[PDB]
Every structure is written in structure tokens, then in C-alpha cells.
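Have a look at the structure below before the remarks.
Derivation of every value follows stated rules applied to the coordinates shown; laboratory data play no part. Cβ atoms come from the backbone with ideal geometry, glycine included; neighbour counts cover every protein chain shown.
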Amino acid sequence: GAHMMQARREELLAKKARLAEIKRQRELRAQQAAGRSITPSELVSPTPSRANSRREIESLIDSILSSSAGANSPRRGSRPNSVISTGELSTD
């Protein structure tokens, strides 16, 4: 061992500087790895009382009445309007 071998020990103190360099890597990796763990993972929405749905559940029948097809004007009505004695004759 170096305890009973100063010849080796004295160089080990010299190399101790290199060892401190190795130790420095540990502190380096701290600011490197742990310093670059900036990921704000904050998407916690356990809110049942929130408008987060794409399905007319409360109505149901209204979703069948127009098949929920057409986000402009759903088929709401069954009355031949503006098509009596006009249009369906000669495109007039």
C-alpha cells in the first residue's frame, strides 16, 4: 500500500490533481444533466365538470336527427318552404 510506500504515495498526491479533475466531472454533470432537466410537465386536468366532449349525449336524438353531420347548418326541420309553385317546375 501507499501507507508504507512514500515513493508511490507521493506520485498519488501528484495524480490527486488528475483525480480532482475526475471528481470535477461529477460537479460538471450536475449542471450538465441535472441543470438541463427543464421539462414543465404540468398537464393535470382531473376536472369532470369541464366541457371536454365531442358527443351530444344529453340530447342523443338530436344527434340522430341530423347525424351530427354538418357544422354549418344541421338538418333541423321538415317543411317545404320556398319550393311551392316555384323551383321544382323549370328551375324558376
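Annotation: the residues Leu65, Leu19, sorted from fewest to most other C-beta atoms within 10 Å of their own C-beta, follow the order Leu19, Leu65. For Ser73 and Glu27, the difference between the fully extended length at 0.36 nm per residue and the C-alpha to C-alpha distance is 10.1 nm. If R0 is 41 Å, the Cβ-Cβ spacing of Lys15 and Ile38 corresponds to a FRET efficiency of close to 0.65. The residues neighbouring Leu12, those whose beta-carbon lies less than 15 Å from its own, together hold a net charge of +3 under the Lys/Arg +1, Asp/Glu -1 convention. The angle between the Cα long axis of helix 6-29 and the main principal axis of the chain comes to about 10°, on a 0 to 90 degree scale.
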